[PDB]
Amino acid sequence: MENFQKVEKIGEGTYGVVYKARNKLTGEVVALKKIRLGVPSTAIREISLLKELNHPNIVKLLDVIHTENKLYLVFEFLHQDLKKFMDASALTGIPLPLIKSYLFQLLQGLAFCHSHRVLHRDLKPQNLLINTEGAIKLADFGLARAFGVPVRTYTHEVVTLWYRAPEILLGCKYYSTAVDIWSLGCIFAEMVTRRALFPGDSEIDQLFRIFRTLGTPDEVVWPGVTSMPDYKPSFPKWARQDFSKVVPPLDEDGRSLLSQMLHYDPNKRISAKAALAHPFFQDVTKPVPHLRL
Ligand SMILES: NS(=O)(=O)c1ccc(N/N=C2\C(=O)Nc3ccc(C(=O)O)cc32)cc1
Ligand SMILES: NS(=O)(=O)c1ccc(N/N=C2\C(=O)Nc3ccc(C(=O)O)cc32)cc1
């Protein structure tokens, strides 16, 4: 670690603290992530697999440094996250062609992850990174279930529940790649409307916000929902609202795709591969964002 000079702290999450840093050996500017914990052997092996999960839309994992019973991950550095870009673009909105490009690229990255049986599990605007060339990349995944212990909130953590799939909220512990499609759907809606789709601050508030818009799920729309671990027959039964309120003024192709990404039944929810073929992407392009760095 004496080979890195910290420039500034750029983030913190369940798995650690991220710094912008300079590699003293090469002069490179990188993102250095100190993993919050020595470190178990299963975590070293699982993280080593992430070094081989390489794609243009996945943040590059350059090196794994396991020394003095501490774990550091060295990643390539990108200058801005989607949360900041969304906030910077709040008065005008991100242009639809750029929203479409970002969605397409993130579906390409997820289709790749998913084909290798790797789930992101916690997609949110803060872990989607952008550059000046129009790329967007997935970050902050691959360490879940590798440390062998139940997840406990770290000191000062406030968990973001806004993008969590309903099956996670309902207590499914063996959920599928569909959870990432749900999260990406929520982010897509937020890019279009400039408002979070389901901004809950508790698990039940999150679940009830989903139900009030999409309707309380039942066995008709989601076979098996009533047998989910945290499903209660006492949930209020809200009717599904007319979808026209969800993402105005998005066109029917985008609304159709979003409705497939937000299906309750994870088995009915569209896959990343099928979403890439949706008519909404027939006119996809790769525009340049205006980034103020
Ligand atoms: N792939 S890259 O990001 O374009 C890049 C850029 C710069 C570098 N430099 N490497 C080195 C540099 O300047 N002094 C060095 C001293 C020692 C070593 C070494 O391997 O032992 C490497 C460098 C690499 C990649
Ligand atoms: N808020 S901001 O100023 O727009 C910002 C936020 C984040 C960044 N970079 N983050 C990262 C980066 O460059 N490589 C990474 C690799 C992994 C992780 C992670 O969390 O696991 C984060 C980053 C820059 C500016």
# chains A, B, ... in the order shown; residues from 1 in each chain; ligands from 1

call {"tool": "residues_around", "arguments": {"residues": "region 65-79 of chain A", "least_positions_apart": "4", "cutoff": "9 Å", "atoms": "only C-alpha atoms", "output": "ChimeraX atom specification"}}
result
/A:1,20-21,29-39,44,47,59-61,129-132,137,293

call {"tool": "residues_around", "arguments": {"residues": "residue 207 (chain A)", "least_positions_apart": "5", "cutoff": "12 Å", "atoms": "only C-alpha atoms", "output": "list in words"}}
result
residues 161, 162, 163, 164, 165, 166, 167, 168, 169, 170, 171, 198, 199, 200, 201, 202, 212, 213, 214, 215, 216, 217, 230, 231, 232, 235, 236, 238 and 264 of chain A

call {"tool": "closest_residue", "arguments": {"among": "A:102, A:141, A:208, A:147", "to": "ligand 2", "atoms": "only C-alpha atoms and all ligand atoms"}}
result
A:141

call {"tool": "closest_residue", "arguments": {"among": "A:228, A:239, A:158, A:107", "to": "residue 184 (chain A)", "atoms": "only C-alpha atoms"}}
result
A:107

call {"tool": "residues_near_ligand", "arguments": {"ligand": "ligand 1", "cutoff": "8 Å", "atoms": "only C-alpha atoms and all ligand atoms", "output": "list in words"}}
result
residues 25, 26, 27 and 28 of chain A

call {"tool": "closest_residue", "arguments": {"among": "A:246, A:269, A:291, A:24", "to": "ligand 2", "atoms": "only C-alpha atoms and all ligand atoms"}}
result
A:291

call {"tool": "atom_distance", "arguments": {"atom1": "atom 6 (C, counted along the ligand's line) of ligand 2", "atom2": "CA of residue 143 (chain A)"}}
result
19.2 Å

call {"tool": "closest_residue", "arguments": {"among": "A:122, A:203, A:251, A:46", "to": "ligand 2", "atoms": "only C-alpha atoms and all ligand atoms"}}
result
A:122

call {"tool": "closest_residue", "arguments": {"among": "A:256, A:126, A:105, A:42", "to": "ligand 2", "atoms": "only C-alpha atoms and all ligand atoms"}}
result
A:126

call {"tool": "select_by_dssp", "arguments": {"residues": "region 93-179 of chain A", "states": "strand (DSSP E or B)", "output": "PyMOL selection string"}}
result
chain A and resi 128-130+136-138

call {"tool": "closest_residue", "arguments": {"among": "A:54, A:115, A:127, A:260", "to": "ligand 2", "atoms": "only C-alpha atoms and all ligand atoms"}}
result
A:127

call {"tool": "residues_around", "arguments": {"residues": "residue 281 (chain A)", "least_positions_apart": "6", "cutoff": "9 Å", "atoms": "only C-alpha atoms", "output": "MDAnalysis selection string"}}
result
chainID A and resid 100:101 104 253:254 275

call {"tool": "write_last_selection", "arguments": {"atoms": "C-alpha atoms", "output": "compact mmCIF listing (two decimals), in the first residue's frame"}}
result
# COMPACT_ATOMS: atom_id res chain seq x y z
CA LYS A 100 -31.10 4.84 -24.49
CA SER A 101 -27.34 4.39 -25.04
CA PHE A 104 -28.34 -0.49 -23.88
CA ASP A 253 -41.56 1.40 -27.01
CA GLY A 254 -39.79 2.59 -23.84
CA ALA A 275 -34.18 -6.70 -23.65

call {"tool": "residues_around", "arguments": {"residues": "residue 88 (chain A)", "least_positions_apart": "6", "cutoff": "12 Å", "atoms": "only C-alpha atoms", "output": "PyMOL selection string"}}
result
chain A and resi 80-82+94+191+194+289-293

call {"tool": "write_last_selection", "arguments": {"atoms": "N, CA, C and O atoms", "output": "PDB file, in the first residue's frame"}}
result
ATOM      1  N   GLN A  80     -16.864  10.243 -13.118  1.00  0.00           N
ATOM      2  CA  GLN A  80     -18.168  10.646 -12.589  1.00  0.00           C
ATOM      3  C   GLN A  80     -19.083   9.453 -12.498  1.00  0.00           C
ATOM      4  O   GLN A  80     -18.891   8.489 -13.245  1.00  0.00           O
ATOM      5  N   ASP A  81     -20.030   9.483 -11.547  1.00  0.00           N
ATOM      6  CA  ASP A  81     -21.043   8.445 -11.448  1.00  0.00           C
ATOM      7  C   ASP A  81     -22.371   8.978 -12.032  1.00  0.00           C
ATOM      8  O   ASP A  81     -22.543  10.172 -12.310  1.00  0.00           O
ATOM      9  N   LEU A  82     -23.295   8.057 -12.260  1.00  0.00           N
ATOM     10  CA  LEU A  82     -24.594   8.394 -12.837  1.00  0.00           C
ATOM     11  C   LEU A  82     -25.422   9.228 -11.890  1.00  0.00           C
ATOM     12  O   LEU A  82     -26.160  10.096 -12.355  1.00  0.00           O
ATOM     13  N   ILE A  94     -31.493  14.376 -19.082  1.00  0.00           N
ATOM     14  CA  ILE A  94     -30.545  13.685 -19.944  1.00  0.00           C
ATOM     15  C   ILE A  94     -31.271  13.449 -21.287  1.00  0.00           C
ATOM     16  O   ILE A  94     -32.390  12.921 -21.295  1.00  0.00           O
ATOM     17  N   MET A 191     -33.910   8.102 -14.885  1.00  0.00           N
ATOM     18  CA  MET A 191     -33.230   8.915 -15.909  1.00  0.00           C
ATOM     19  C   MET A 191     -34.271   9.676 -16.723  1.00  0.00           C
ATOM     20  O   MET A 191     -34.044  10.859 -17.043  1.00  0.00           O
ATOM     21  N   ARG A 194     -36.564  12.136 -13.984  1.00  0.00           N
ATOM     22  CA  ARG A 194     -35.829  12.982 -13.050  1.00  0.00           C
ATOM     23  C   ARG A 194     -36.295  12.878 -11.633  1.00  0.00           C
ATOM     24  O   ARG A 194     -36.060  13.776 -10.810  1.00  0.00           O
ATOM     25  N   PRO A 289     -21.708  12.556 -23.811  1.00  0.00           N
ATOM     26  CA  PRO A 289     -22.371  13.353 -22.744  1.00  0.00           C
ATOM     27  C   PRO A 289     -21.624  14.664 -22.550  1.00  0.00           C
ATOM     28  O   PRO A 289     -20.445  14.774 -22.909  1.00  0.00           O
ATOM     29  N   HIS A 290     -22.300  15.659 -21.967  1.00  0.00           N
ATOM     30  CA  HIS A 290     -21.584  16.884 -21.632  1.00  0.00           C
ATOM     31  C   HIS A 290     -21.251  16.693 -20.178  1.00  0.00           C
ATOM     32  O   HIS A 290     -22.165  16.661 -19.350  1.00  0.00           O
ATOM     33  N   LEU A 291     -19.974  16.416 -19.883  1.00  0.00           N
ATOM     34  CA  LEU A 291     -19.510  16.191 -18.532  1.00  0.00           C
ATOM     35  C   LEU A 291     -18.728  17.359 -18.086  1.00  0.00           C
ATOM     36  O   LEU A 291     -17.776  17.792 -18.752  1.00  0.00           O
ATOM     37  N   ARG A 292     -19.065  17.817 -16.899  1.00  0.00           N
ATOM     38  CA  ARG A 292     -18.384  18.896 -16.237  1.00  0.00           C
ATOM     39  C   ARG A 292     -17.601  18.190 -15.158  1.00  0.00           C
ATOM     40  O   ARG A 292     -18.178  17.598 -14.226  1.00  0.00           O
ATOM     41  N   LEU A 293     -16.298  18.119 -15.363  1.00  0.00           N
ATOM     42  CA  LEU A 293     -15.415  17.482 -14.411  1.00  0.00           C
ATOM     43  C   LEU A 293     -14.685  18.538 -13.578  1.00  0.00           C
ATOM     44  O   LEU A 293     -14.520  19.745 -13.979  1.00  0.00           O
TER      45      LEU A 293
END
